[PDB]
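There is one chain below, alone, in structure tokens, taken in the form deposited in one PDB entry.
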């Protein structure tokens, strides 16, 4: 007995998307994944979808170029979760979600939509410079379309994926931690929020039918993972029994020559500046009633000493 929750994951072969599919299956949701014809001859995408089908997910054919196919897909479910791309060095197709919003509005049966958020809260980032500002402006365009359409929502925000900021000791251009030398942004004593991307997906699956988070922004701030960069580096130094040689990088030097860099690097520099120099993930307080680890305390989130162990 009890209400059934059917979930359509749009973006199910993405980095976060594939973890959201797994987490929805594990949570017991009836889990559907969009199978786009445009994935074409991409063997990794196709075989990810088949792997979900083996685990009990339902593949639903549809294309963002075919409005009625999107309407037909979302009519099958109660909740839609979008994990649309939003990283300049990957692809950055956040605005394609406008077509999904229009399909949800027409279908009328969707109880909640979670758009592709899962990072810095775009509503706090009006000051950002281009091209990094595209991430926040495009995500706000989706939020505005959600509001105009009257679609119920949850926005899950507020943490750095450990893959991109934690396992590499926040060194740009690599996802492996350095062996001898490390660049520290500023004095390294600005608190950053880290979360295992797997746990971001677990909180997605927990929150998407939680009445407490209807039409709310939910902040992901795992207490033990609120760490300065120096604290993160010290976790690694303990695991490896070795001190790294530290270079402290001023804000002025961090941003030097930014106009001459590749677009995706300019975006990265801007995001890193907000996180590590401005402390944008920790410069505001949030209540327990809107923070993921307090709402879902049964998720035993991965701490960064555990995340880092496989790298040593």
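Residue numbers count along the first chain shown, from 1. We call the rigid core the largest set of C-alpha positions that still match within 1.5 Å between the two forms.
Quick note: we don't show the form deposited in another entry, though the next part is all about it.
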Requested in this report: Classify residue 67 as shifted (yes) or not shifted (no) between the shown form and the other one, where shifted means its C-alpha moves by 2 Å or more with the rigid core superposed.
Outcome: yes
Requested in this report: Indicate whether residue 56 shows a C-alpha shift of 2 Å or more between the shown form and the other one, with the rigid core used for the fit.
Outcome: no
Query - residue 287 C-alpha relocation of at least 2 Å between the shown form and the other one, rigid core basis - result: no
